[PDB]
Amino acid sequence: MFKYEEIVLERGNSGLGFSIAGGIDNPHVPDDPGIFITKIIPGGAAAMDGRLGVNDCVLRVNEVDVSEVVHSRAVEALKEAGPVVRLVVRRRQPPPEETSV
């Protein structure tokens, strides 16, 4: 399935230091409405924190669910989330060594 992670960033003078694509009206890939990271800015908060990666999917911004929203609503959430932004993200979970069935 997926690996989930909570990542907390402090906003800087140039924001959070990443770009997003995706949204119900802006799919990154077919039939996926998710918000995905497309760019991490050198010297920005995301880069300096080290945890976020390109093509991570952002599911939540503080208390705002962004799993299935229009692009502008995700941008809005990220803009208005305040000085400390808690991101719930997911990415690929590598196959396990074994699975109990």
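Numbering starts at 1 and runs along the sequence shown.
In the deposited entry, the Cα temperature factor of residue 9 sits in the top third of values across the chain's modelled residues.
Sorting the modelled residues of the chain by their CA temperature factor places residue 60 in the middle third. Sorting the modelled residues of the chain by their CA temperature factor places residue 46 in the lowest third. When the modelled residues of the chain are ordered by C-alpha B-factor, residue 82 sits in the middle third. When the CA B factors of the chain's modelled residues are split into thirds, the value for residue 39 lands in the highest one.
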